[PDB]
Amino acid sequence: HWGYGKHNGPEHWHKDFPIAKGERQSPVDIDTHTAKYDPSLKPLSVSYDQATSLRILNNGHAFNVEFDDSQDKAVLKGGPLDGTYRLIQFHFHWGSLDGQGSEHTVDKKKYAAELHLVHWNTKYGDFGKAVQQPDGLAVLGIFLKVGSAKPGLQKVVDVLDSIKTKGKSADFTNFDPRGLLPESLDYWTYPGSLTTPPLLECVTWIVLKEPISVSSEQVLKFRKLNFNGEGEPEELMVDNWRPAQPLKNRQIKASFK
Ligand SMILES: NS(=O)(=O)c1c(F)c(F)c(S(=O)(=O)CCc2ccccc2)c(NCc2ccccc2)c1F
Ligand SMILES: [Zn+2]
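For the sequence shown, the positions run 4 to 125, 127 to 261 when the deposited numbering is used.
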């Protein structure tokens, strides 16, 4: 029932998910001036050489690219993390226009979209148990701006016509997520939450400072997806982002400068 409209969007979520008004909600505005450089933070370690993609899925509010996480393949560690987090899936949030789309903002600046690479803490054994823990997930957020195409995203864009509507899926093997990363791994990090229902407060957010560039034609294809299922009135999948939430009693830390 929740979604992104006037009647079921982010401002309504608290009625079914009271944690929406909780103490460590995401996304947030990253105030670059008050983010403290933390010389104790490590370089982030992103090991995606063995990643195995399985499927791509329109789940009715984004598209997910899913990975086989049953072995220790694609892992995120280092950075602020005390453990080993395993890649499970990635997805995006984007706008109806280039001027909006991202969930995190940087000195109130909105990017055209934001990629989330979602990983779960291997000390909890699986994703479903990890989300019940305050250090259960690590989500790597990467901003998208519109400019030159990202060659490494084109395979994703090209398959979207095949999962236009909610609940459609498609085989999606041998996709290499290393092709979606920017050159620098400088990052901001803070404790936060899933940004859609159930809004669980289980996420260490690591947001890269350097955005990737995608082309206007690439992001236009994201906007041709549908929130509705096949045979229902067409509602374009756009603006599936939650606005910035109160920082409350949290410090955003920077890995750089
Ligand atoms: N935007 S996000 O990165 O914080 C996020 C959520 F907000 C979130 F609620 C979830 S969820 O699985 O608990 C609910 C549904 C969902 C699915 C895909 C994108 C956004 C929300 C995931 N988890 C992603 C996920 C999906 C399937 C299997 C494992 C992880 C998730 F990654
Ligand atoms: Zn997300």
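All C-beta atoms in this analysis are idealised placements derived from N, C-alpha and C, irrespective of residue type, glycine included.
- In the DSSP annotation of this structure, the continuous segment of the alpha helix (DSSP H) that includes residue 221 starts and ends at 220-226.
- C-alpha of residue 250 to C-alpha of residue 200: approximately 16 Å in a straight line.
- Positions of the beta strand (DSSP E) runs, each at least 3 residues long and wholly inside the stretch 193-254, are given as 207-212 and 216-218 in order along the chain.
- With a cut-off of 8 Å, the C-beta of residue 108 is classified as distant from ligand 2, since no heavy atom of the ligand falls inside that distance.
- In this structure, the C-beta of residue 208 stays at least 8 Å away from each heavy atom of ligand 2.
- Excluding its 5 nearest sequence neighbours in each direction, residue 226 has C-beta neighbours in its own chain below 6 Å: 97, listed in chain order.
- Rounded to the nearest angstrom, the Cβ distance from residue 211 to residue 116 is 13 Å, too far for a contact under 8 Å.
- For the options 95, 101, 232 and 76, the alpha carbon positioned closest to that of residue 89 is the one of 76.
- Annotation for residue 31: no beta strand (DSSP E) segment contains it, and DSSP assigns it neither H nor E.
- Around the beta carbon of residue 10, fewer than 16 other beta carbons sit within 10 angstroms, so the residue counts as exposed.
- Where residue 16 is concerned, the enclosing alpha helix (DSSP H) starts and stops at 16-19.
- Of the heavy atoms belonging to ligand 2, at least one sits nearer than 8 Å to the Cβ of residue 119.
- Bridge pairing for residue 175: 58 [DSSP].
- Residues 101 and 150 of the same chain have their beta carbon placed closer than 8 Å to that of residue 220, with the five preceding and five following residues left out of the count.
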